[PDB]
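K.L.:
First, the structure itself, so that you have it in front of you.
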Amino acid sequence: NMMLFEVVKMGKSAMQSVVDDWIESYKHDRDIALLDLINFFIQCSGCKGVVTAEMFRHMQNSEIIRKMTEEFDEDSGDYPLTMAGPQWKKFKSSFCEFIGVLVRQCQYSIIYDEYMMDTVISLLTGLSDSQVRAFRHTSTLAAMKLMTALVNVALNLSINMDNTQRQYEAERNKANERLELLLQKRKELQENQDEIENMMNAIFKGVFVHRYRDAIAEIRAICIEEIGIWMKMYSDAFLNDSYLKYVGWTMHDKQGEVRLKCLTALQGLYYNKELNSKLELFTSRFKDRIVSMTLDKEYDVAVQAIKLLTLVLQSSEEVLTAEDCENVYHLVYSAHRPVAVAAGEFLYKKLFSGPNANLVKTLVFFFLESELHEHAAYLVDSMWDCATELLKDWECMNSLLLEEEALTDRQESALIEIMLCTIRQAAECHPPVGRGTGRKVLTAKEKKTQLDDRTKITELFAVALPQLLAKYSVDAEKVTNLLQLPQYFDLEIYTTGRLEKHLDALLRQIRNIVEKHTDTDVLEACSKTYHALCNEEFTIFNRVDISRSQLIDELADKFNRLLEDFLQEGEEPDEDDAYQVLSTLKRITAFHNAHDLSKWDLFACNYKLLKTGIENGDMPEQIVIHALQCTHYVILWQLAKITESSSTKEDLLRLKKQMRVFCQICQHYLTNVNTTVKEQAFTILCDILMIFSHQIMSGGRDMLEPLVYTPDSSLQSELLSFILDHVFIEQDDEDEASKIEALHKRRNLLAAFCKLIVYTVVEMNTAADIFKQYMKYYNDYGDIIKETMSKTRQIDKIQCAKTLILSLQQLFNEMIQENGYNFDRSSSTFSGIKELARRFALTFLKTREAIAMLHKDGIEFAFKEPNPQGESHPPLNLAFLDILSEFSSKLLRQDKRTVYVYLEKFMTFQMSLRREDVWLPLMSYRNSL
Amino acid sequence: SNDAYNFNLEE
Amino acid sequence: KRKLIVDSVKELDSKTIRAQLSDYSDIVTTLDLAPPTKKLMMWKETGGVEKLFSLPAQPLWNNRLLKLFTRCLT
């Protein structure tokens, strides 16, 4: 009835209670009970029809199923097993538990009465042949959940017949009429076994072999999942090629959910860890497919292929080739962390199996042999979870770099990189960029371990870092990495530990590095390290403050001496002289970024340098770019100090002259022919122009009104001109890594200008020359332009729309200069302009005034220029109308006719009487309204 | 049996 | 006509199954490597429109200065 199906969806019951209640009904009347059961399977398909006693007695299953299809009386296409929500997932569980419990509770008597099982198998083996998906998905599930129950029964039977065989041979070896009864029990049990096989052979041949190849993947995944279960539970009987092959073929299925269940089902046969010989022969045939699935289009399947392959390492034979293992190793560098750590486990097991000395060396050789990544951040992240024993053994690493086969230069360089990221990921207890999921909060145990490790690192390397620096003081790569540890130290340990001696040693090593190395990144680390250590809230400030002031005193005095001769009017300096000037300028520039060097007043020093490059045109580019940076930092650090209302009044006005003349200086160098000089002037200008924008005042900072600076038309054009010449360039359609880095540079420059657009330092009309590049440069700059389009729409939608049409007006104008006025409206170029307009249209409450103004402008632009030869002949730009009709879809009903009266002021009636080709723009626009 | 898996002979 | 879902094709031809066995190129792909250079790593965290439109073009390494720029956002 409704009752038996209802009982199962919200049972909150021991399904054994339902089964046992049913079995008792079966004993009182078999046919009444079976009819309840037949119907139960039919309502589990959402059927709503009822099988009657009459049907049960005289109708074949084929006829019943047909009658149930007609009487299905569905409200929709859904059926129980396709509903969403936990409550319905619980129904599926209840559905499967009832089937399994029912069989198992009957396994000792009822199941052999040649009536129940056969009747259910028949209905289910025919509902699984139905074109009605509901009847087929549901019956196929039930059939597999019945087979697995009958696999359990045959297993018990096999167990009990072995026990019976044991007692029989026991009685014979050592009373005769017991031997007779024991053999009649062995006869009975074989008769039982044959009946269970017959049943199983009819749910396999009648359902499986026909539904593992269903078209509904959810029905194919059901079948593969459960064959895996049979081979796992009754390995002796089902784990052979005759059953494995179905998983072997179906892992070529084109649906990921099905491929997944194949791997799962095979993982279960390997987690057994019974080292099966027949499974070993299957995996030789399908080894190559399984390895390839590590790069399955679905990452979830790829994780399981890797994990299956790690369990294959237990296999007695060497089944995987060298090639296979190296393809897995590469995946430690994958973007998807689930894949990377699965490969990490593979790497760990296969190759990892002080004491850890050679373990560390092997990791270094692996990293060097894997020519895919230059850093080890991702390598470390891949093995944080498994090899945490090794990656945090800093005593072993520090000793490998000092205490005497040896380590090569490349190996010491890689060991420093590896060690650096292990320290990074331990201090900042989170993964590298691209491997994390939104920085989830840490366990109490995790936070403890963050503490435990940070003291270990600080204790050790506060002593050892001075030693490493001294040994590798000459290798840039090595020192650039080493100088970044301080940012993770625990500042209070430097005092509690009586370590002031090592800090002095460190500070001296840094100074000798500053004096010798010029690598822009070596010097960046030195400056950021000093900034990290110059925290006024820790006990070591005045110590590091003293060494810092000593360092700048040397550099500033040397800088004066150098400039007094470099700029002496007759001492035409050569390359050697220039490199000396550049080496000190770089050091001053790096430190002036992170540190307040206002006291040394370097503003005039660089001004004389820059104006000389203007007058003579002879100045090395590296000198110019770093003088540009240092001046930028000089100005900003003053702007930071003048915040104080308790401040000198002359200084603030003095600054306006420091900034105003700097803008014209940069504007001059923006026209220079050297590219890196242009880029540098452009970036500093876009930053300066934002820092000094009107928004400098908002947060109660009304003092700074005199500092506001607004650019000229000349400057705005020069800035835009740079974007056109350096950003929107010919495109292809030194290989990837470099070409990505080049793109990111151009994106920075593009974002720099767009910041000025969405913040109204420049007229919004400038954005037209950008907005017209949306589709042409979608992949490269699409996201930046869309953000500019969104921010501008929020500020000024009518001005946004006015600039959008201007973009299309310019695209139109470009085409007439290239193709000609008599262009083809079917051209691919004209096609793209109006599709660009169609996307523009979806960016449209106050949308009424904007779309209206857009048509007013687009109309003027169409009729702006008249024809040379004829008023009855067409205006020149009239074809623009068909572009503008891409917008009318968005227009309101009310203003469509108002726009027409406006259009009639422009169009004479002879024109509106025109229908010829050239005027097909008109009627197309007329059809719009 | 590697003739078992050969789907050219079907199941 | 009926909302009841009826499938015209139940099984998948043996011929289509042998094709799946012989060509799985459409269900495997290339390694999507993670930033392979320290600079590309840095460009991922500072990349993206959100970070790009809220941070200076010329990096400022002291937050005493970086503020001076973020002050001026809306």
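As shown in the structure tokens, the chain order sets the letters A, B, ...; within each chain, residues go from 1, and ligands are also counted from 1 in the order they appear.
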Pull out every residue of chain B that has at least one atom within 10 Å of chain C, counting only C-alpha atoms, and report them as number ranges by chain.

P.N.:
B: 6-8, 10-11

K.L.:
Those residues you just picked out, can you put them in a file as a compact mmCIF listing (two decimals), in the first residue's frame with C-alpha atoms?

P.N.:
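Just written: out31.txt:
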```txt
# COMPACT_ATOMS: atom_id res chain seq x y z
CA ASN B 6 39.43 -8.36 -25.12
CA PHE B 7 36.08 -6.67 -25.73
CA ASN B 8 36.36 -7.68 -29.40
CA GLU B 10 32.39 -9.12 -26.13
CA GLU B 11 31.52 -10.31 -22.62
```

K.L.:
May I have the residues within 9 Å of stretch 29-32 of chain A as a compact mmCIF listing (two decimals) with N, CA and C atoms, in the first residue's frame, using only C-alpha atoms and disregarding those fewer than 4 positions away in the same chain?

P.N.:
```
# COMPACT_ATOMS: atom_id res chain seq x y z
N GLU A 24 6.32 -11.96 8.83
CA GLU A 24 5.19 -12.58 9.52
C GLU A 24 3.94 -12.55 8.65
N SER A 25 3.70 -11.42 7.96
CA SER A 25 2.60 -11.36 7.01
C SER A 25 2.77 -12.39 5.91
N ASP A 36 1.99 -6.74 -1.53
CA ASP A 36 2.48 -5.57 -0.81
C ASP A 36 3.91 -5.24 -1.24
N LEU A 37 4.72 -6.28 -1.48
CA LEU A 37 6.12 -6.09 -1.82
C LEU A 37 6.30 -5.62 -3.26
N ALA A 53 -4.82 -7.53 -6.91
CA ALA A 53 -4.79 -8.99 -6.82
C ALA A 53 -5.05 -9.61 -8.19
N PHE A 56 -1.98 -9.52 -10.19
CA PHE A 56 -1.01 -10.48 -9.67
C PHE A 56 -1.28 -11.88 -10.20
N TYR A 115 9.63 -19.18 -4.47
CA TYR A 115 8.44 -18.31 -4.66
C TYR A 115 8.79 -16.84 -4.45
N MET A 116 9.35 -16.48 -3.30
CA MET A 116 9.65 -15.06 -2.98
C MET A 116 10.72 -14.54 -3.92
```

K.L.:
Please identify all polymer residues within 8 Å of residue A:414, counting only C-alpha atoms, omitting same-chain residues fewer than 6 positions from it, and present them as a list in words.

P.N.:
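Contacts, with the query itself left out: residues 364, 367 and 368 of chain A.
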
K.L.:
Could you take the residues named above and write them with N, CA, C and O atoms, as a compact mmCIF listing (two decimals), in the first residue's frame?

P.N.:
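File written: result.txt
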```txt
# COMPACT_ATOMS: atom_id res chain seq x y z
N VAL A 364 66.72 17.13 -2.48
CA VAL A 364 67.38 18.18 -3.24
C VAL A 364 67.62 17.71 -4.67
O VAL A 364 67.36 18.44 -5.63
N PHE A 367 64.32 17.76 -6.54
CA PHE A 367 63.96 19.13 -6.89
C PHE A 367 64.77 19.63 -8.08
O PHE A 367 64.22 20.27 -8.99
N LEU A 368 66.06 19.32 -8.10
CA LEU A 368 66.91 19.75 -9.21
C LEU A 368 66.59 18.99 -10.48
O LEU A 368 66.60 19.56 -11.58
```

K.L.:
Would you mind listing, for every residue of chain A within 6 Å of chain C, the two atoms forming the shortest contact and the distance between them in Å to one decimal, using only C-alpha atoms, sorted by chain and ascending residue number, as JSON lines?

P.N.:
```
{"residue": "A:76", "atom": "CA", "partner": "C:3", "partner_atom": "CA", "distance": 5.3}
{"residue": "A:77", "atom": "CA", "partner": "C:4", "partner_atom": "CA", "distance": 5.1}
{"residue": "A:131", "atom": "CA", "partner": "C:7", "partner_atom": "CA", "distance": 5.1}
{"residue": "A:132", "atom": "CA", "partner": "C:6", "partner_atom": "CA", "distance": 4.4}
{"residue": "A:133", "atom": "CA", "partner": "C:6", "partner_atom": "CA", "distance": 5.7}
{"residue": "A:213", "atom": "CA", "partner": "C:11", "partner_atom": "CA", "distance": 5.4}
{"residue": "A:214", "atom": "CA", "partner": "C:11", "partner_atom": "CA", "distance": 4.4}
{"residue": "A:215", "atom": "CA", "partner": "C:11", "partner_atom": "CA", "distance": 5.6}
{"residue": "A:252", "atom": "CA", "partner": "C:20", "partner_atom": "CA", "distance": 5.7}
{"residue": "A:295", "atom": "CA", "partner": "C:28", "partner_atom": "CA", "distance": 5.3}
{"residue": "A:296", "atom": "CA", "partner": "C:28", "partner_atom": "CA", "distance": 4.3}
{"residue": "A:297", "atom": "CA", "partner": "C:28", "partner_atom": "CA", "distance": 4.9}
{"residue": "A:333", "atom": "CA", "partner": "C:33", "partner_atom": "CA", "distance": 5.9}
{"residue": "A:334", "atom": "CA", "partner": "C:33", "partner_atom": "CA", "distance": 4.6}
{"residue": "A:335", "atom": "CA", "partner": "C:34", "partner_atom": "CA", "distance": 4.4}
{"residue": "A:373", "atom": "CA", "partner": "C:36", "partner_atom": "CA", "distance": 4.4}
{"residue": "A:374", "atom": "CA", "partner": "C:37", "partner_atom": "CA", "distance": 5.7}
{"residue": "A:594", "atom": "CA", "partner": "C:62", "partner_atom": "CA", "distance": 4.7}
{"residue": "A:683", "atom": "CA", "partner": "C:57", "partner_atom": "CA", "distance": 5.8}
{"residue": "A:691", "atom": "CA", "partner": "C:69", "partner_atom": "CA", "distance": 5.4}
{"residue": "A:695", "atom": "CA", "partner": "C:72", "partner_atom": "CA", "distance": 4.7}
{"residue": "A:696", "atom": "CA", "partner": "C:72", "partner_atom": "CA", "distance": 5.4}
{"residue": "A:784", "atom": "CA", "partner": "C:49", "partner_atom": "CA", "distance": 5.9}
```

K.L.:
Can you work out which one of A:777, A:863, A:208, A:282 has the shortest atom-to-atom distance to residue A:240, counting only C-alpha atoms?

P.N.:
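Checking each candidate against residue A:240, we get A:282 as the closest.
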
K.L.:
When you get a sec, could you note down which chain B residues fall within 8 Å of chain A, using only C-alpha atoms, as a PyMOL selection string?

P.N.:
chain B and resi 1-2+4-5

K.L.:
Out of chain C, which residues get alpha helix (DSSP H) from DSSP, as number ranges by chain?

P.N.:
C: 14-22, 38-45, 48-52, 63-70

K.L.:
Name the residues in contact with residue A:875 at a cut-off of 10 Å, using only C-alpha atoms, excluding same-chain residues fewer than 6 positions from it; report them as number ranges by chain.

P.N.:
A: 862-869, 907, 911, 918-919

K.L.:
Go ahead and save the residues from that selection, with C-alpha atoms, as a PDB file, in the first residue's frame.

P.N.:
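selection01.pdb was written with the following content:
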```pdb
ATOM      1  CA  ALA A 862      25.040  59.130 -37.859  1.00  0.00           C
ATOM      2  CA  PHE A 863      23.925  62.394 -39.506  1.00  0.00           C
ATOM      3  CA  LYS A 864      26.890  64.609 -38.554  1.00  0.00           C
ATOM      4  CA  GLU A 865      28.356  64.571 -42.078  1.00  0.00           C
ATOM      5  CA  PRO A 866      26.196  64.931 -45.221  1.00  0.00           C
ATOM      6  CA  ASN A 867      26.793  63.247 -48.544  1.00  0.00           C
ATOM      7  CA  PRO A 868      28.982  64.955 -51.155  1.00  0.00           C
ATOM      8  CA  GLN A 869      26.569  63.955 -53.941  1.00  0.00           C
ATOM      9  CA  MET A 907      15.562  63.092 -41.314  1.00  0.00           C
ATOM     10  CA  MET A 911      14.709  59.889 -46.880  1.00  0.00           C
ATOM     11  CA  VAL A 918      22.119  51.993 -48.635  1.00  0.00           C
ATOM     12  CA  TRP A 919      19.186  52.939 -46.392  1.00  0.00           C
TER      13      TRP A 919
END
```
